[PDB]
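S.K.: protein05.txt is the file, holding compact mmCIF, C-alpha atoms:
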# COMPACT_ATOMS: atom_id res chain seq x y z
CA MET A 1 16.23 -13.12 30.57
CA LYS A 2 17.17 -9.43 30.80
CA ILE A 3 14.00 -7.95 29.34
CA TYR A 4 14.75 -4.35 28.38
CA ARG A 5 11.85 -2.17 27.54
CA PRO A 6 12.97 0.81 25.48
CA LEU A 7 11.88 4.42 25.65
CA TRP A 8 11.30 6.84 22.81
CA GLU A 9 11.62 10.57 23.30
CA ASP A 10 13.02 12.04 20.06
CA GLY A 11 15.66 11.39 17.43
CA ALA A 12 16.11 7.69 18.17
CA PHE A 13 16.94 5.58 15.14
CA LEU A 14 14.47 2.73 14.81
CA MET A 15 16.05 -0.68 15.13
CA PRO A 16 14.44 -4.16 15.61
CA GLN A 17 15.50 -4.71 19.20
CA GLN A 18 13.17 -1.99 20.45
CA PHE A 19 10.24 -3.92 19.01
CA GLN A 20 11.34 -7.47 19.85
CA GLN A 21 11.97 -6.64 23.51
CA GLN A 22 8.70 -4.70 23.67
CA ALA A 23 6.46 -7.59 22.64
CA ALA A 24 8.22 -10.06 24.91
CA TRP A 25 7.39 -7.87 27.91
CA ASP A 26 3.66 -8.01 27.25
CA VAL A 27 3.73 -11.80 27.45
CA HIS A 28 5.60 -11.76 30.76
CA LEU A 29 3.15 -9.24 32.17
CA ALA A 30 0.22 -11.38 31.05
CA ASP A 31 1.96 -14.40 32.55
CA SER A 32 2.16 -12.74 35.96
CA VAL A 33 -1.55 -11.96 35.94
CA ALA A 34 -2.46 -15.62 35.59
CA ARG A 35 -0.05 -16.83 38.26
CA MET A 36 -1.74 -14.75 40.95
CA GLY A 37 -4.79 -16.90 41.53
CA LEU A 38 -4.44 -20.31 39.90
CA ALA A 39 -0.80 -21.29 40.54
CA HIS A 40 -0.88 -23.38 37.41
CA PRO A 41 1.27 -23.31 34.31
CA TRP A 42 -0.22 -23.77 30.91
CA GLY A 43 -1.57 -27.00 29.38
CA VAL A 44 -3.77 -28.39 26.56
CA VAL A 45 -6.95 -26.69 25.38
CA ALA A 46 -7.90 -29.01 22.51
CA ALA A 47 -6.10 -31.71 20.55
CA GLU A 48 -8.15 -33.58 17.95
CA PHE A 49 -6.62 -36.02 15.48
CA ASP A 50 -7.82 -37.99 12.45
CA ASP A 51 -9.00 -41.53 13.14
CA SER A 52 -9.54 -42.65 9.55
CA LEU A 53 -5.82 -42.70 8.71
CA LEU A 54 -4.72 -45.02 11.51
CA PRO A 55 -4.88 -48.53 9.91
CA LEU A 56 -2.98 -47.25 6.85
CA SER A 57 -0.51 -45.93 9.27
CA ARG A 58 0.19 -42.23 9.26
CA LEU A 59 -0.83 -39.59 11.79
CA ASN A 60 -2.41 -36.25 10.92
CA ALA A 61 -3.48 -33.53 13.32
CA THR A 62 -6.40 -31.16 12.88
CA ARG A 63 -6.53 -28.70 15.80
CA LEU A 64 -3.73 -28.17 18.32
CA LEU B 184 3.42 22.20 -27.25
CA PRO B 185 4.16 19.77 -30.13
CA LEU B 186 3.02 16.91 -27.90
CA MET B 187 -0.01 18.83 -26.64
CA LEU B 188 -1.47 19.33 -30.11
CA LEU B 189 -2.39 15.75 -30.92
CA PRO B 190 -5.83 14.89 -29.51
CA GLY B 191 -6.46 12.10 -27.03
CA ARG B 192 -2.78 11.24 -26.92
CA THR B 193 -0.53 9.76 -25.52
CA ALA B 194 1.52 7.50 -23.25
CA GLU B 195 4.90 8.38 -24.73
CA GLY B 196 4.63 12.04 -23.74
CA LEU B 197 5.14 11.05 -20.11
CA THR B 198 8.67 10.00 -21.01
CA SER B 199 9.41 13.51 -22.27
CA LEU B 200 7.95 15.09 -19.14
CA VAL B 201 10.49 13.35 -16.92
CA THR B 202 13.60 13.63 -19.11
CA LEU B 203 12.95 17.37 -19.40
CA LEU B 204 12.66 18.07 -15.73
CA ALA B 205 15.65 16.14 -14.30
CA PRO B 206 18.18 14.35 -16.52
CA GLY B 207 19.68 11.09 -15.36
CA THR B 208 16.15 9.82 -14.74
CA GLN B 209 14.39 7.35 -17.04
CA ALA B 210 10.75 6.32 -17.38
CA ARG B 211 8.82 3.16 -18.24
CA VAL B 212 5.05 2.78 -18.51
CA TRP B 213 2.90 -0.32 -18.02
CA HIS B 214 -0.44 0.35 -19.71
CA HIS B 215 -2.78 -1.81 -17.64
CA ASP B 216 -2.44 -2.79 -14.01
CA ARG B 217 -4.37 -4.78 -11.44
CA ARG B 218 -6.29 -2.01 -9.73
CA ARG B 219 -8.69 -2.86 -6.87
CA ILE B 220 -11.49 -1.97 -4.66
CA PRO B 221 -14.33 0.13 -5.57
CA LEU B 222 -16.70 -1.36 -3.06
CA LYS B 223 -20.18 -1.61 -4.51
CA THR B 224 -22.84 -0.35 -2.14
CA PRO B 225 -25.44 -3.11 -2.61
CA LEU B 226 -23.66 -6.47 -2.27
CA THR B 227 -26.06 -7.75 -4.99
CA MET B 228 -25.31 -11.44 -4.46
CA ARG B 229 -28.55 -11.93 -2.63
CA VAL B 230 -30.26 -14.68 -4.58
CA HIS B 231 -33.63 -13.20 -5.44
CA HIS B 232 -37.13 -14.68 -5.50
CA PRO B 233 -39.14 -11.83 -7.22
CA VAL B 234 -36.70 -10.37 -9.81
CA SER B 235 -33.00 -10.85 -10.48
CA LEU B 236 -30.57 -10.55 -13.39
CA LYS B 237 -27.60 -12.43 -14.73
CA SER B 238 -26.05 -11.34 -17.97
CA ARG B 239 -22.97 -9.29 -16.97
CA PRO B 240 -22.90 -8.65 -13.15
CA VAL B 241 -21.15 -11.70 -11.70
CA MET B 242 -18.76 -11.38 -8.72
CA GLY B 243 -18.15 -11.95 -4.99
CA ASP B 244 -17.93 -8.92 -2.66
CA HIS B 245 -15.13 -6.64 -3.99
CA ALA B 246 -14.67 -5.80 -7.66
CA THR B 247 -11.60 -5.23 -9.84
CA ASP B 248 -11.38 -2.59 -12.58
CA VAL B 249 -8.24 -2.50 -14.66
CA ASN B 250 -9.08 0.19 -17.22
CA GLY B 251 -7.10 3.32 -16.41
CA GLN B 252 -4.59 3.36 -13.57
CA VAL B 253 -1.09 3.22 -15.23
CA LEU B 254 2.16 2.41 -13.42
CA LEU B 255 5.21 4.66 -13.76
CA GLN B 256 8.73 3.96 -12.55
CA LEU B 257 11.67 6.32 -12.31
CA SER B 258 15.35 5.47 -12.09
CA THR B 259 18.02 7.87 -10.83
CA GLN B 260 21.73 7.46 -10.15
CA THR B 261 22.76 10.87 -8.72
CA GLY B 262 22.04 11.11 -5.00
CA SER B 263 21.27 14.82 -5.15
CA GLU B 264 18.15 13.96 -7.16
CA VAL B 265 17.19 11.06 -4.88
CA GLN B 266 16.39 13.66 -2.25
CA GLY B 267 14.47 15.59 -4.90
CA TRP B 268 11.76 13.00 -5.49
CA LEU B 269 10.82 12.51 -1.84
CA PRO B 270 7.90 14.86 -1.10
CA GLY B 271 8.91 18.51 -1.02
CA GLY B 272 11.38 18.63 -3.88
CA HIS B 273 10.53 17.71 -7.46
CA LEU B 274 7.33 15.89 -6.51
CA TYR B 275 5.48 19.21 -6.66
CA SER B 276 6.73 19.55 -10.23
CA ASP B 277 5.02 16.43 -11.61
CA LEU B 278 1.95 16.75 -9.40
CA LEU B 279 0.87 20.01 -11.02
CA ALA B 280 2.16 19.24 -14.51
CA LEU B 281 -0.17 16.26 -14.77
CA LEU B 282 -3.43 17.32 -13.13
CA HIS B 283 -4.30 20.35 -15.24
CA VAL B 284 -2.05 20.39 -18.26
CA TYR B 285 -1.50 17.04 -19.91
CA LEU B 286 -4.08 14.64 -18.45
CA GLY B 287 -6.71 16.32 -16.30
CA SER B 288 -9.66 14.03 -15.64
CA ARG B 289 -8.64 11.38 -18.16
CA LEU B 290 -6.94 8.85 -15.90
CA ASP B 291 -5.21 8.19 -12.57
CA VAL B 292 -1.45 7.73 -12.36
CA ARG B 293 0.53 5.50 -9.98
CA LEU B 294 4.16 6.35 -9.25
CA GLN B 295 7.03 4.12 -8.12
CA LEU B 296 10.81 4.34 -7.86
CA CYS B 297 13.85 2.04 -7.69
CA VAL B 298 17.18 3.15 -6.19
CA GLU B 299 20.04 1.65 -4.22
CA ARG B 300 19.37 1.09 -0.63
CA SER B 301 18.16 4.57 0.66
CA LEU B 302 19.20 7.70 2.45
CA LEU B 303 16.56 7.68 5.19
CA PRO B 304 16.60 8.42 8.94
CA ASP B 305 13.98 7.71 11.63
CA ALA B 306 11.57 8.68 14.33
CA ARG B 307 12.36 12.43 14.68
CA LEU B 308 9.49 14.89 15.20
CA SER B 309 6.75 16.69 13.45
CA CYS B 310 7.36 16.59 9.70
CA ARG B 311 9.70 14.71 7.58
CA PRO B 312 9.72 11.05 8.79
CA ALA B 313 7.91 9.08 6.14
CA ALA B 314 9.56 7.84 2.94
CA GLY B 315 6.11 7.56 1.45
CA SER B 316 4.53 4.53 3.06
CA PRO B 317 7.81 2.54 3.85
CA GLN B 318 10.97 2.99 6.01
CA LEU B 319 14.56 1.74 5.55
CA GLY B 320 18.14 2.97 5.18
CA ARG B 321 18.93 2.52 8.85
CA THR B 322 19.87 -1.06 9.67
CA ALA B 323 22.67 -2.29 7.45
CA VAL B 324 25.67 -2.15 9.79
CA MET B 325 27.10 -5.25 8.15
CA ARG B 326 28.29 -5.21 4.57
CA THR B 327 30.07 -2.75 2.26
CA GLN B 328 28.28 -2.82 -1.07
CA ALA B 329 25.17 -2.53 -3.11
CA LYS B 330 21.77 -4.18 -3.23
CA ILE B 331 19.06 -2.87 -5.55
CA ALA B 332 15.57 -2.26 -4.19
CA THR B 333 12.31 -0.64 -5.10
CA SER B 334 11.86 2.56 -3.19
CA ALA B 335 8.34 3.47 -2.19
CA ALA B 336 5.02 4.58 -3.52
CA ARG B 337 3.64 8.01 -4.27
CA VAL B 338 -0.05 8.90 -4.31
CA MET B 339 -2.38 8.82 -7.30
CA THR B 340 -3.13 11.95 -9.33
CA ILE B 341 -6.87 11.76 -8.71
CA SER B 342 -9.77 14.18 -8.09
CA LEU B 343 -13.27 12.90 -7.26
CA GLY B 344 -16.25 12.84 -4.89
CA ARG B 345 -20.06 12.72 -4.65
CA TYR B 346 -21.02 16.24 -3.21
CA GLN B 347 -23.72 14.91 -0.87
CA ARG B 348 -27.04 14.91 -1.98
CA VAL B 349 -30.54 14.00 -3.22
CA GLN B 350 -32.60 16.04 -5.68
CA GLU B 351 -35.90 17.90 -5.98
CA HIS B 352 -36.83 18.64 -9.62
CA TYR B 353 -36.70 17.24 -13.14
CA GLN B 354 -35.89 17.95 -16.76
CA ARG B 355 -38.83 18.43 -19.18
CA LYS B 356 -41.78 16.46 -20.55
CA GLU B 357 -41.34 16.39 -24.31
Any chance you could give the structure as structure tokens?
M.R.:
Amino acid sequence: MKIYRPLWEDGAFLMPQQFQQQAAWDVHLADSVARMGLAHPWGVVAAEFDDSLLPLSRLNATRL
Amino acid sequence: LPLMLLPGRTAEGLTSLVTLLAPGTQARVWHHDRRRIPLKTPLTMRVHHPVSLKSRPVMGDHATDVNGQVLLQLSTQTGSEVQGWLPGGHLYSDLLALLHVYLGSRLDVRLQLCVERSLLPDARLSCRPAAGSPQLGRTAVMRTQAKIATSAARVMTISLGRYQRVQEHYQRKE
């Protein structure tokens, strides 16, 4: 998605797109570390709901 | 000299000190403010079996002491003086007029400012980047006209310490 990491040497005006494109690159690097061995995308770690609210029907989550 | 002859006074002399030094600038004082930390070195909320106390000392882990840290705002409208209050210009005028002449070790003084947007550049080298703690005046490439903002902070006019040490002798047995 055209990830552009900036460079700073001197005199550059700060502007949000240097920071937004920086932090997106660290995710994509950390993505490529995981896809070396496992060949799996992501998934669900923990998903716990509230059972006491069910017969009075609503649905509340606790940890997602 | 007329103001420096009344003892233990006052708050209204700090209005004269600003209007003297650069006209076009006004001053307002808030007498108390929500100061923070001083972190107490024993946490003291151990609940004690042999001996404890109640009467005054009741808290959590960080204390709050209002008592002496007044807030001061300035308000300019000539841009030649906006670049005078950022550190280097007229900030050395107040910072020596307070600490040894009018206040000394009475109190601590917090400074603040409110202007229209800024005149502030960015990440150039060694020394003049910081507009106090914050940065702005670089991003509005959109709209023509004004928005009012607070500017920044300046440091307190304080002087303190502990020196290091423990002692060896005593006063007198009378």
S.K.: Would you give me, as a PDB file with C-alpha atoms, in the coordinates of the input, the residues of chain B that come within 10 Å of chain A, using all atoms listed in the file?
M.R.:
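Final output, selection.pdb:
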ATOM      1  CA  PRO B 304      16.600   8.420   8.940  1.00  0.00           C
ATOM      2  CA  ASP B 305      13.980   7.710  11.630  1.00  0.00           C
ATOM      3  CA  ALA B 306      11.570   8.680  14.330  1.00  0.00           C
ATOM      4  CA  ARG B 307      12.360  12.430  14.680  1.00  0.00           C
ATOM      5  CA  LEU B 308       9.490  14.890  15.200  1.00  0.00           C
ATOM      6  CA  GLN B 318      10.970   2.990   6.010  1.00  0.00           C
ATOM      7  CA  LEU B 319      14.560   1.740   5.550  1.00  0.00           C
ATOM      8  CA  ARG B 321      18.930   2.520   8.850  1.00  0.00           C
ATOM      9  CA  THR B 322      19.870  -1.060   9.670  1.00  0.00           C
TER      10      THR B 322
END
S.K.: One decimal, Å: what's the distance from atom CA of residue 206 of chain B over to atom CA of residue 261 of chain B, could you say?
M.R.: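 These atoms are spaced 9.7 Å apart.
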S.K.: Which is closest to residue 48 of chain A among A:22, A:32, A:17, A:60, if we use only C-alpha atoms?
M.R.: A:60
S.K.: What is the atom CA of residue 253 of chain B-atom CA of residue 290 of chain B distance in Å, reported with one decimal?
M.R.: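 Separating atom CA of residue 253 of chain B from atom CA of residue 290 of chain B is a distance of 8.1 Å.
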S.K.: Atom CA of residue 28 of chain A and atom CA of residue 4 of chain A, how far apart in Å?
M.R.: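 Value for the atom CA of residue 4 of chain A-atom CA of residue 28 of chain A distance: 12.0 Å.
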S.K.: May I ask which of the residues B:272, B:251, B:233, B:267 is the closest one to residue 341 of chain B, counting all atoms listed in the file?
M.R.: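 Among the listed residues, the smallest separation from residue 341 of chain B belongs to B:251.
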S.K.: Would you please work out which residue, of A:59, A:64, A:30, A:3, is nearest to residue 45 of chain A when using only C-alpha atoms?
M.R.: A:64
S.K.: Step by step: start from the point (-25.6, -6.0, -10.8) in the file's coordinates, keep every protein, DNA or RNA residue that has an atom no farther than 9 Å from it, count all atoms listed in the file, and write the set as a list in words.
M.R.: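 Those within range, by chain then number, are residues 225, 226, 227, 228, 235, 236, 237, 238, 239, 240, 241 and 242 of chain B.
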S.K.: For a quick check of understanding, using only C-alpha atoms, which of A:42, A:19, A:49, A:25 has the smallest distance to residue 1 of chain A?
M.R.: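 Ranking A:42, A:19, A:49, A:25 by distance to residue 1 of chain A, first place goes to A:25.
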S.K.: Take every atom of segment 250-269 of chain B listed in the file, fit an axis-aligned box around them, add 6 Å per side, and give the centre and edge lengths in Å to one decimal as AutoDock Vina command-line options.
M.R.:
--center_x 6.8 --center_y 7.9 --center_z -9.5 --size_x 43.8 --size_y 27.4 --size_z 27.4
S.K.: Nearest to residue 294 of chain B among B:229, B:348, B:326, B:337, with distances taken over only C-alpha atoms: which residue is it?
M.R.: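 Ranking B:229, B:348, B:326, B:337 by distance to residue 294 of chain B, first place goes to B:337.
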S.K.: Just want the 10 Å neighbourhood of residue 193 of chain B, counted on all atoms listed in the file, with same-chain residues fewer than 6 positions away dropped. Output as a PyMOL selection string.
M.R.: chain B and resi 186-187+285-286
S.K.: Residue 47 of chain A: which residues within 12 Å, counting all atoms listed in the file, same-chain residues fewer than 3 positions away excluded, as an mmCIF file with C-alpha atoms, in the frame of the given file?
M.R.:
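Contents of selection_32.cif, freshly written:
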data_model
loop_
_atom_site.group_PDB
_atom_site.id
_atom_site.type_symbol
_atom_site.label_atom_id
_atom_site.label_comp_id
_atom_site.auth_asym_id
_atom_site.auth_seq_id
_atom_site.Cartn_x
_atom_site.Cartn_y
_atom_site.Cartn_z
ATOM 1 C CA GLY A 43 -1.570 -27.000 29.380
ATOM 2 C CA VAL A 44 -3.770 -28.390 26.560
ATOM 3 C CA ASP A 50 -7.820 -37.990 12.450
ATOM 4 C CA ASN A 60 -2.410 -36.250 10.920
ATOM 5 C CA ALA A 61 -3.480 -33.530 13.320
ATOM 6 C CA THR A 62 -6.400 -31.160 12.880
ATOM 7 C CA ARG A 63 -6.530 -28.700 15.800
ATOM 8 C CA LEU A 64 -3.730 -28.170 18.320
#
S.K.: Could you add whatever atoms are missing so that segment 325-347 of chain B carries N, CA, C and O atoms, then write the result as a PDB file, keeping the file's coordinate frame?
M.R.:
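Result saved to selection_13.pdb:
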ATOM      1  N   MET B 325      26.372  -4.011   8.380  1.00  0.00           N
ATOM      2  CA  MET B 325      27.100  -5.250   8.150  1.00  0.00           C
ATOM      3  C   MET B 325      28.051  -5.202   6.966  1.00  0.00           C
ATOM      4  O   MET B 325      29.253  -5.434   7.126  1.00  0.00           O
ATOM      5  N   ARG B 326      27.544  -4.878   5.780  1.00  0.00           N
ATOM      6  CA  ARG B 326      28.290  -5.210   4.570  1.00  0.00           C
ATOM      7  C   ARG B 326      28.473  -3.945   3.739  1.00  0.00           C
ATOM      8  O   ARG B 326      27.673  -3.009   3.808  1.00  0.00           O
ATOM      9  N   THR B 327      29.556  -3.931   2.965  1.00  0.00           N
ATOM     10  CA  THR B 327      30.070  -2.750   2.260  1.00  0.00           C
ATOM     11  C   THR B 327      29.153  -2.342   1.110  1.00  0.00           C
ATOM     12  O   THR B 327      28.845  -1.145   0.990  1.00  0.00           O
ATOM     13  N   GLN B 328      28.680  -3.258   0.265  1.00  0.00           N
ATOM     14  CA  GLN B 328      28.280  -2.820  -1.070  1.00  0.00           C
ATOM     15  C   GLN B 328      26.830  -3.128  -1.437  1.00  0.00           C
ATOM     16  O   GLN B 328      26.029  -3.545  -0.595  1.00  0.00           O
ATOM     17  N   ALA B 329      26.509  -2.923  -2.712  1.00  0.00           N
ATOM     18  CA  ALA B 329      25.170  -2.530  -3.110  1.00  0.00           C
ATOM     19  C   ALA B 329      24.193  -3.697  -3.126  1.00  0.00           C
ATOM     20  O   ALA B 329      24.566  -4.861  -3.301  1.00  0.00           O
ATOM     21  N   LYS B 330      22.925  -3.349  -2.925  1.00  0.00           N
ATOM     22  CA  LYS B 330      21.770  -4.180  -3.230  1.00  0.00           C
ATOM     23  C   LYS B 330      20.724  -3.269  -3.858  1.00  0.00           C
ATOM     24  O   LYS B 330      20.544  -2.128  -3.417  1.00  0.00           O
ATOM     25  N   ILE B 331      20.053  -3.725  -4.912  1.00  0.00           N
ATOM     26  CA  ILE B 331      19.060  -2.870  -5.550  1.00  0.00           C
ATOM     27  C   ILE B 331      17.695  -3.163  -4.950  1.00  0.00           C
ATOM     28  O   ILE B 331      17.376  -4.312  -4.623  1.00  0.00           O
ATOM     29  N   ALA B 332      16.893  -2.121  -4.769  1.00  0.00           N
ATOM     30  CA  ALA B 332      15.570  -2.260  -4.190  1.00  0.00           C
ATOM     31  C   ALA B 332      14.603  -1.303  -4.861  1.00  0.00           C
ATOM     32  O   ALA B 332      14.999  -0.294  -5.445  1.00  0.00           O
ATOM     33  N   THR B 333      13.320  -1.630  -4.783  1.00  0.00           N
ATOM     34  CA  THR B 333      12.310  -0.640  -5.100  1.00  0.00           C
ATOM     35  C   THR B 333      12.206   0.331  -3.931  1.00  0.00           C
ATOM     36  O   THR B 333      12.585   0.017  -2.800  1.00  0.00           O
ATOM     37  N   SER B 334      11.730   1.539  -4.217  1.00  0.00           N
ATOM     38  CA  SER B 334      11.860   2.560  -3.190  1.00  0.00           C
ATOM     39  C   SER B 334      10.631   2.680  -2.323  1.00  0.00           C
ATOM     40  O   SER B 334      10.670   2.361  -1.133  1.00  0.00           O
ATOM     41  N   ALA B 335       9.529   3.086  -2.926  1.00  0.00           N
ATOM     42  CA  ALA B 335       8.340   3.470  -2.190  1.00  0.00           C
ATOM     43  C   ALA B 335       7.209   3.654  -3.176  1.00  0.00           C
ATOM     44  O   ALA B 335       7.334   3.365  -4.367  1.00  0.00           O
ATOM     45  N   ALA B 336       6.106   4.154  -2.662  1.00  0.00           N
ATOM     46  CA  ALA B 336       5.020   4.580  -3.520  1.00  0.00           C
ATOM     47  C   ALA B 336       4.879   6.091  -3.418  1.00  0.00           C
ATOM     48  O   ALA B 336       5.412   6.735  -2.513  1.00  0.00           O
ATOM     49  N   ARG B 337       4.184   6.671  -4.380  1.00  0.00           N
ATOM     50  CA  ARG B 337       3.640   8.010  -4.270  1.00  0.00           C
ATOM     51  C   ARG B 337       2.149   7.900  -4.563  1.00  0.00           C
ATOM     52  O   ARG B 337       1.672   6.887  -5.077  1.00  0.00           O
ATOM     53  N   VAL B 338       1.408   8.950  -4.231  1.00  0.00           N
ATOM     54  CA  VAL B 338      -0.050   8.900  -4.310  1.00  0.00           C
ATOM     55  C   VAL B 338      -0.509   9.007  -5.754  1.00  0.00           C
ATOM     56  O   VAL B 338       0.263   9.377  -6.645  1.00  0.00           O
ATOM     57  N   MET B 339      -1.769   8.680  -5.994  1.00  0.00           N
ATOM     58  CA  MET B 339      -2.380   8.820  -7.300  1.00  0.00           C
ATOM     59  C   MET B 339      -2.627  10.287  -7.605  1.00  0.00           C
ATOM     60  O   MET B 339      -2.644  11.122  -6.697  1.00  0.00           O
ATOM     61  N   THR B 340      -2.788  10.603  -8.887  1.00  0.00           N
ATOM     62  CA  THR B 340      -3.130  11.950  -9.330  1.00  0.00           C
ATOM     63  C   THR B 340      -4.636  12.033  -9.611  1.00  0.00           C
ATOM     64  O   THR B 340      -5.080  12.211 -10.743  1.00  0.00           O
ATOM     65  N   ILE B 341      -5.427  11.893  -8.549  1.00  0.00           N
ATOM     66  CA  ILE B 341      -6.870  11.760  -8.710  1.00  0.00           C
ATOM     67  C   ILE B 341      -7.620  12.971  -8.169  1.00  0.00           C
ATOM     68  O   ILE B 341      -7.061  13.769  -7.409  1.00  0.00           O
ATOM     69  N   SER B 342      -8.892  13.112  -8.564  1.00  0.00           N
ATOM     70  CA  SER B 342      -9.770  14.180  -8.090  1.00  0.00           C
ATOM     71  C   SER B 342     -11.240  13.791  -8.254  1.00  0.00           C
ATOM     72  O   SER B 342     -11.753  13.782  -9.377  1.00  0.00           O
ATOM     73  N   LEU B 343     -11.938  13.495  -7.155  1.00  0.00           N
ATOM     74  CA  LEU B 343     -13.270  12.900  -7.260  1.00  0.00           C
ATOM     75  C   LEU B 343     -14.101  13.210  -6.015  1.00  0.00           C
ATOM     76  O   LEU B 343     -13.648  13.886  -5.089  1.00  0.00           O
ATOM     77  N   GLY B 344     -15.337  12.698  -6.016  1.00  0.00           N
ATOM     78  CA  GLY B 344     -16.250  12.840  -4.890  1.00  0.00           C
ATOM     79  C   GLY B 344     -17.687  12.521  -5.276  1.00  0.00           C
ATOM     80  O   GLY B 344     -17.936  11.861  -6.290  1.00  0.00           O
ATOM     81  N   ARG B 345     -18.634  12.981  -4.438  1.00  0.00           N
ATOM     82  CA  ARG B 345     -20.060  12.720  -4.650  1.00  0.00           C
ATOM     83  C   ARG B 345     -20.987  13.922  -4.417  1.00  0.00           C
ATOM     84  O   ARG B 345     -22.141  13.873  -4.854  1.00  0.00           O
ATOM     85  N   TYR B 346     -20.519  14.942  -3.686  1.00  0.00           N
ATOM     86  CA  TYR B 346     -21.020  16.240  -3.210  1.00  0.00           C
ATOM     87  C   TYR B 346     -21.996  16.351  -2.034  1.00  0.00           C
ATOM     88  O   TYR B 346     -21.697  17.148  -1.136  1.00  0.00           O
ATOM     89  N   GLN B 347     -23.143  15.642  -1.995  1.00  0.00           N
ATOM     90  CA  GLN B 347     -23.720  14.910  -0.870  1.00  0.00           C
ATOM     91  C   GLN B 347     -24.917  14.072  -1.314  1.00  0.00           C
ATOM     92  O   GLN B 347     -25.154  12.960  -0.826  1.00  0.00           O
TER      93      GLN B 347
END
